[PDB]
Structure formats: C-alpha cells, structure tokens
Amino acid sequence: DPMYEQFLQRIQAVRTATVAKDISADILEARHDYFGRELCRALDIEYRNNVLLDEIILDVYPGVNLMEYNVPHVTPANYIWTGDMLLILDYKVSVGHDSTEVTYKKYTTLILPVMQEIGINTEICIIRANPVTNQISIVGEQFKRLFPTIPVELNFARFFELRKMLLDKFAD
C-alpha cells in the first residue's frame, strides 16, 4: 500500500515535533479522504476531492448568469445534485461531534445565501465515521432520505498505527 509506505518513510525520517505535526496533519487528511472514497463507492455516488462552489453552480445550472452573483470561493468536499435539490457534502472521521459542527456552520454561512439568490434549493450534509467503532452519523435530512442505509466497509487501523508511531517517537 503506497500511501502507508510513504507515511512510514516520512515518520522514520522525521526528527522534530514541528515537522512531525505536518505528517500528522497529512495522515488525518488521508483518513478523511479514505472514508470519503469508501462512502462514495458504497453509495454509488461520484467521489470528488474538494470542488469550487463556482464549479458546483455551473454543473447544476450551466445557464446561470454567473457574473451577477458574488460567489464565495469555498471548496466543499463533494456534492449530490438530484435534479431538484443540491446536497453539499463533507465527511469527518472523529470520535466526537465538534469538528462536524464547525464545518456544518461554515458551509451554512458561506454556501446557502448565494445558492438562495441563484434559486437552487440547497442543503448541507455531513457524514461522520467513528474511527474506533466504525459507526456512521449523518446530519442532513435529505441525505438520510436518499440513503437510509450506508453499506460501507471501514478499516482505519493503518491510520492509527501510523499516528501511534508518531506519538511514540515524540512521547517526551
């Protein structure tokens, strides 16, 4: 597994906590992306890794008069367009609620006002996996409606093992 081996090489090479904090950041992002990929495959929805909100608008409403709107330059993880409603998607891997609430509120603040101006009915959806228990939590009523079951097969062990190496290397 190349992703694992690349992290391992950085972890064995790293000598200082400050450089190691960048590795930890990257491991957490890779874990986020891994979950997003598995979720999307299980639901048979398209996996994207951060799309500009301008791109989303043009995909769903190519005929929009884009110049007339002030579109915040935000990049959500993904989206689903049903033909009537746009579900803005992000995923989290965390044992707690807190990072989900932060992102949900950020997406609500930056995305929903302009989508309302444009006239596209839009909802923020965040799907969270608990990395220890593999249980899934969803915020987003329409997302729950469309996918009442999520048949993901999750295994976060390789991410924990890598983070545990970093913790052990810098335990002092």
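One rule holds for the numbers: they count along the sequence shown, beginning at 1.
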- Message: Tell me which stretch, 110-118 or 66-74, has the higher mean Cα B-factor listed in the entry.
- Response: 66-74
- Looking at the deposited entry, does 101-109 or 141-149 carry the larger mean Cα B-factor? 141-149
- Item | Relative C-alpha B-factor of residue 134, binned into the chain's lowest, middle or highest third | middle
- Task: State the tercile, meaning the lowest, middle or highest third, of residue 48 with respect to the CA B-factors recorded for its chain.
- Result: highest
- Modelled-residue ranking by C-alpha temperature factor, third containing residue 79: lowest
- Split the chain's modelled residues into thirds by Cα B-factor; is residue 60 in the lowest, middle or highest one? middle
- Rank-wise, by C-alpha B-factor, drop residue 17 into the lowest, middle or highest third of its chain. highest
